[PDB]
Amino acid sequence: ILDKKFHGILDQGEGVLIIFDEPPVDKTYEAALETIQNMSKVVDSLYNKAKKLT
Amino acid sequence: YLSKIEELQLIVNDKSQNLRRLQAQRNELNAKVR
Amino acid sequence: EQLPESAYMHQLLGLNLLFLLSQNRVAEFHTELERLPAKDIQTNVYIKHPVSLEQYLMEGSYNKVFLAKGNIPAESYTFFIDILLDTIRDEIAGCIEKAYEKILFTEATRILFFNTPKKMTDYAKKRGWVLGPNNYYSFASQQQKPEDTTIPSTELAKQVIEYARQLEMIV
Amino acid sequence: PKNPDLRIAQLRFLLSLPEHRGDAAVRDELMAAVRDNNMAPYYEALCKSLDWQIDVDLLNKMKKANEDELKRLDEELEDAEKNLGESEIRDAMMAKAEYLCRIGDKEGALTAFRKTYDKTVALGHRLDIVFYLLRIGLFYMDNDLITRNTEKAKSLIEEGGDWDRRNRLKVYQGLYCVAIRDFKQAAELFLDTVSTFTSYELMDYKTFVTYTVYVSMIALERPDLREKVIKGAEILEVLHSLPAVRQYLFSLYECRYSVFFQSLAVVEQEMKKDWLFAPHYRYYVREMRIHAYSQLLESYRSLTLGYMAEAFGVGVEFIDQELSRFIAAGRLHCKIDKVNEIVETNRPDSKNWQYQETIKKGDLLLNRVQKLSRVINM
Amino acid sequence: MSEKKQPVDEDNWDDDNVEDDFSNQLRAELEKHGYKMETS
Amino acid sequence: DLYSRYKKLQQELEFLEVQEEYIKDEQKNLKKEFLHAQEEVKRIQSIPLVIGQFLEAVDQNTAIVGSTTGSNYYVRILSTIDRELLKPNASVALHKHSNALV
Amino acid sequence: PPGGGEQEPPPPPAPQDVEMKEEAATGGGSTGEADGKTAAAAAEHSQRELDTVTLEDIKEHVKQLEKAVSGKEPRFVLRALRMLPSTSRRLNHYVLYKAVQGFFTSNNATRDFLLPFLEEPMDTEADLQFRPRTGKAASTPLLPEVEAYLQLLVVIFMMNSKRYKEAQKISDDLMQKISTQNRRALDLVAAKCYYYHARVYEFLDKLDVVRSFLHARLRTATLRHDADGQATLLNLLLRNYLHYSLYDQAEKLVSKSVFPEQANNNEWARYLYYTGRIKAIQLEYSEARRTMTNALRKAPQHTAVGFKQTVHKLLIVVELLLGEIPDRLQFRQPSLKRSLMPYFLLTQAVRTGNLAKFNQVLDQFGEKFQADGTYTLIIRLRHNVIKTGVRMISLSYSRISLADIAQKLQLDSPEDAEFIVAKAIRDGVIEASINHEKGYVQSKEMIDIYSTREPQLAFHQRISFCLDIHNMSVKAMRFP
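As they're listed, the protein sequences go chains X, C, d, Y, e, D and V.
In this text, residue positions in the first sequence follow PDB author numbering: the first is 369, and each later residue adds one.
In this text, residue positions in the second sequence follow PDB author numbering: the first is 24, and each later residue adds one.
In this text, residue positions in the third sequence follow PDB author numbering: the first is 87, and each later residue adds one.
In this text, residue positions in the fourth sequence follow PDB author numbering: the first is 12, and each later residue adds one.
Read in order, the letters of the fifth sequence correspond to residues 1 to 9, 40 to 70 in PDB author numbering.
In this text, residue positions in the sixth sequence follow PDB author numbering: the first is 39, and each later residue adds one.
In this text, residue positions in the seventh sequence follow PDB author numbering: the first is 18, and each later residue adds one.
Listed below in structure tokens is the structure:
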């Protein structure tokens, strides 16, 4: 379990191992790395804002 | 008073003239590009 | 602004506080408390004790409110704290329907009021809570969210027609 | 001459913030201050240290020696414009102006750097000046003047592939990433640990090893962790040197759930009295706690405090309040029971963590663009 | 301009949320470990 | 004069009504004009294309190409071309008679 | 004393130059060019006059001793100015009085000749025609007499200067307001002078007579003219009807004048703030918190300017009264720590489940509450504190005993843990079931009616907001 060789869960009073899996987490990367860069987009536009103001 | 304030709050309505300014420059844009 | 003192000033506002609490005028209840800033807070227990009463009525405390009702050594207040009695009667009769999955009868006798009344007939018949053996029994009800699936689908029809409508605009 | 210059700011941190720790620091601060002819950077600490009873002559003779050393170069400039080399004036007194700036404040920096920067066409001197800016901006913790020429240096780096500046700025941006709460970047920048020259900021390569283990035990879970710090060898020999470094590694990889806070007690009490972790050690502890609790709770679903009391430690109520706060903190989802003595886990925690970070970044970005879009048109 | 009429008068913040978790209870939590290792 | 000065303003109110109605339909019409104008531009290629190579560009909407007829020309360009697709050295279609970038 | 003798000549003339030429050029532009300018509710020199008011809000306040503006008052009031050929010798006199101020010393006539400093607009059958000339020349003299801040024997002459300003209201409401908008120039001048008028009434009793006057002053908009005076007078009506408790607020509800549609981003933003506090006092939170947030981010244009920190203070009162709460010092200032830290300790107390930390802070800083006028938090915030505590512990424990959580949250009794958790269900916080035989509160978990319903509703708000960004962006881009 610890080495991610295996997707299981143990029992002590029952001695039962149970296997379960749900792979896809593409939405997190999919939107988060957009947003992290668009932070830097708007921070680049900060300078143009300060130029038009003063 | 009746023929006094009516002209004033008619001339209040002249923001439509500035809307016509906006749309006139827009028509200028499209006509010149065409 | 001369304002000489009077006889029932410190509890006439308590009378109004009491019945305007018994009308559930909570916005009025908290805009009335403004004209006397520290009189309603630092002192005047027939303002502070009605709003400490309401401080107990904030969350859910039932019989501590009735202890505070069992001690007012001021004048009557009775014609409005009986309205407060009744607005607690239907408060238990409202919050009964929650996870009191079974309750023994005499604790409901303690909290509600009236040991073996015909008010137990009033609650057990006007309400549900089937008068079985020593127990108000809890029935079950469900929602299933079955059909909707469609009010989601048609409210999304509304919302995405709106998204497409605002993206749509052109004039 | 800014190579021994880091221990100065080290002691600036180490003296004033612990109250009782105020004797050895001011001792060897004197032992470093009345030599090297230091004058400017300690007026604040002079108002933090003692009266320094005679400030009259003992420092004015020093700044007079500084004036002699200063205008011998400022009267060497006319002797060096006689034979114009590579502007031998500016090439001589660039590093001696950084000597003067090791004496002085950052004004000598901000004019001498940009002075001698446009002199050279050999970019190695430019790189040395950029190193000088990064170091003195780290000294005054000016975390914004340095991020300019980090990028402006990586432009001067990446005309190809090199040795020097690549590995150097790996160390530099590693220290900047460990300055802020940035840990996976700190591990990725401290990935190398092989060609990291025994330096003045790497005042011990062993301390560099302690830092790169003290962030790699947070950053990744286990999909390179054993391979770098356990299956590796070049790190393994020098972690085999110190006991305490190898201690927590083989503890946490062994899952000795009681010696953890012993190891963490030593590392944390050192972490208190160590710089560039001052807003950091608090979240560090709960980070290690949740990182241990993850690998504990992953294997079992039928577990409780009755398993905690013998394999983890004592104070069942402490386990209770700690896990209560950490679970109710939206972290490590698993549900606990009262006196029936049950700690059950939620077997996937990947439903709302899916939905989570996107709304949590869109909040800040929309809050940005609200105000900043309403900045224009008044 | 903008005289703002006067009759009236990361580095810092995410770990201040976390510090509001850390504030009232267990500030320098390192000794309470060693305090309670012998209590029970 | 206020009878006149009040009655004559109704004319200008009617005028602003008229033009505010009018420029909307003009704006709607000109896009239909614009797309058909775009495609009436597109009669240029159709089957006599000769192949030059891109050499240089002066500025916006002006370039320099040298044909495979050996010589070298100062030509104008169409507003159709996405300007990413050019300016190392590209085989480009020229008109025969006009000899311009297409 | 010789050093002070040569520290006497240089302080007059440079104020006597720029403080002269500001109203010379600016007021000349304003009064002359207000004849044309088809939108002259405020001319561009009237916004420049606003800017010079921002200058002498920090440059000079008093009637200026050392003989500098002390001659500018009998200079700038002594103006008949019947027609432009009768003003050319006065245009020479604008420098000739400076020659008088340079040859000899000036004559500072304070508090005696100020009332015959009001008879010079009568000089040899003078003019009532240019009322923005006389209005601006009744503000810029007479309001720095209030910025002298004397409060001695001349507050009645302050008031009589404002009675001659009521005569300026007479000439404002009678004298030929057809299309010149001298009235609306005097509406911005009226805004200014009603703030300082208001400060005079701050140093004295309640103005209930002048509150009826202020009622009429508000109602005289929207029918005679309708531009921005209704805004300024709306907040100037609000200023004490907030501070006085009674009716006024149902009037703010039934007020069909929330919308003066532009207020130079200052009055409109603070109007949002004032009505945010108004909606906040009647326990309505979500309707109020959005205009609180908008009013904070709407007029931010300083660093720790004061009432910016009053709005930043009051903004998280309602969010202590929500249940969701942000860390407030995200906009902390080095001029702010004093006025944030007890309030920050309050929100520190609220962001845990404890109530014994919370109850001490009332008795601690109830005098601070007496200062801040926010007693209403303490009567009802205990409710939100205990809801946060039970929410936290219900998310913690899958199956809890009431006779443990009650004493963990100092409830002193197990039987009303039934009551508090029963309305944690009735009020809809928690779903958790109870056996009221053993006293255990088991809680379960679910998802996916979350994901079917909850995010899309938020995304609707996000995209409605961003398409409004797009709408406003295009419709403000299209001026060229």
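Note that beta-carbon positions come from the ideal geometry of N, C-alpha and C, so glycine has one too.
Give, in chain order, every residue of the stretch 40 to 53 of chain C whose Cβ lies closer than 8 Å to some Cβ of chain V. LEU45, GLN48, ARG49
Alpha carbon to alpha carbon, how far is V:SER178 from V:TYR264? For V:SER178 and V:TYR264, the gap between their C-alpha atoms comes out near 32 Å.
With V:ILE298 and Y:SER384 assumed to form a contact (beta carbons below 8 Å), what rounded beta-carbon distance in angstroms separates them? Not really, about 31 Å apart at Cβ, beyond 8 Å.
Helix, strand or coil for d:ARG111? Go by DSSP, reduced to three states. coil
Determine the extent of the alpha helix (DSSP H) in which Y:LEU121 is found, giving its start and end residues. Note, Y:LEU121: alpha helix (DSSP H), 117 to 128.
Could you compute how far the alpha carbon of Y:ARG46 sits from the alpha carbon of Y:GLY119? 20 Å
Could you compute how far the alpha carbon of D:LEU47 sits from the alpha carbon of C:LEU25? If you take the alpha carbons of D:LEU47 and C:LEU25, they lie about 15 Å apart.
Where does Y:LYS346 sit, in a helix, a strand or coil, going by DSSP? strand
Return no unless some Cβ of chain X is closer than 8 Å to the Cβ of Y:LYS349. no
For Y:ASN378 and d:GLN97, what's the separation of their Cα atoms in angstroms? 49 Å
Nearest-angstrom Cα separation, counted from Y:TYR225 out to Y:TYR304: 18 Å
Quick check: what's the CA-CA separation for Y:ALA198 versus Y:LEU316? Between the alpha carbons of Y:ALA198 and Y:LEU316 lies a distance of about 34 Å.
May I ask which residues mark the beginning and end of the alpha helix (DSSP H) holding d:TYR94? From DSSP, d:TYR94 is part of no alpha helix (DSSP H); its letter is neither H nor E.
Using the beta-carbon count (16 or more within 10 Å), is V:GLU284 buried or exposed? buried
Mind pulling the alpha helix (DSSP H) runs of 4 or more residues that sit fully within the stretch 236 to 292 of chain Y? 236 to 240, 245 to 252, 254 to 265, 271 to 283
Please state the DSSP three-state secondary structure of V:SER413. helix
Could you tell me the alpha carbon to alpha carbon distance between V:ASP129 and V:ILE187, rounded to whole angstroms? 26 Å
Helix, strand or coil at d:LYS188 [DSSP, three-state]: strand
Taking 8 Å as the limit between beta carbons, can you name the residues of its chain near residue 10 of chain V, skipping five residues before and five after? Since the first residue of chain V shown is 18 and the last is 497, residue 10 of chain V is not available in this structure.
What are the boundary residues of the alpha helix (DSSP H) that V:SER356 is part of? For V:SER356, the enclosing alpha helix (DSSP H) stretches over residues 354 to 367.
Would a C-beta distance cut-off of 8 Å place V:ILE403 and V:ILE410 closer than the cut-off? no
Exposed or buried, d:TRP215, counting other C-beta atoms within 10 Å across all chains shown (16 or more means buried)? Per the 10 Å Cβ criterion, buried.
Can you list, in chain order, the residues of the stretch 436 to 450 of chain V whose Cβ is nearer than 7 Å to any Cβ on chain d? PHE436, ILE437, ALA439, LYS440, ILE442, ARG443, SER450
Nearest to V:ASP68 by alpha carbon, out of V:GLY406, V:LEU362, V:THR43? Nearest option by C-alpha distance: V:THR43.
Can you confirm whether d:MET144, when its beta carbon is compared against all beta carbons of chain V, has any partner nearer than 8 Å? yes
Buried/exposed call for Y:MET299, threshold 16 Cβ in 10 Å: buried
Taking only beta-carbon positions, decide if Y:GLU162 is within less than 8 Å of chain X. no
Between the CA atoms of Y:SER210 and Y:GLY171 - distance to the nearest angstrom: 25 Å
Is there a Cβ from chain e that is less than 8 Å from the Cβ of Y:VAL278? no
Using a Cβ-Cβ cutoff of 7 Å, what residues of the stretch 350 to 380 of chain Y are near chain X? List them in chain order. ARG358, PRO359, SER361, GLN365, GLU368, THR369, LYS372, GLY373, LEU376, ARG379, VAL380
Nearest to d:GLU161 by CA position, among d:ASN201, d:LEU101, d:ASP168, is which residue? d:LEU101
Can you look up V:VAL438 in the DSSP assignment and give me helix, strand or coil? helix
With 16 other CB atoms within 10 Å as the buried threshold, where does V:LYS269 fall? buried
Taking DSSP as the reference, what is the three-state secondary structure of e:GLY64? Judged by DSSP in its simplified three-state form, e:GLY64 adopts helix.
Beta-carbon neighbours of e:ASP51, restricted to chain Y and to distances below 9 Å: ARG297, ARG336, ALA340
From Y:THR369 to V:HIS477, what does the alpha carbon distance come to, in whole angstroms? 15 Å
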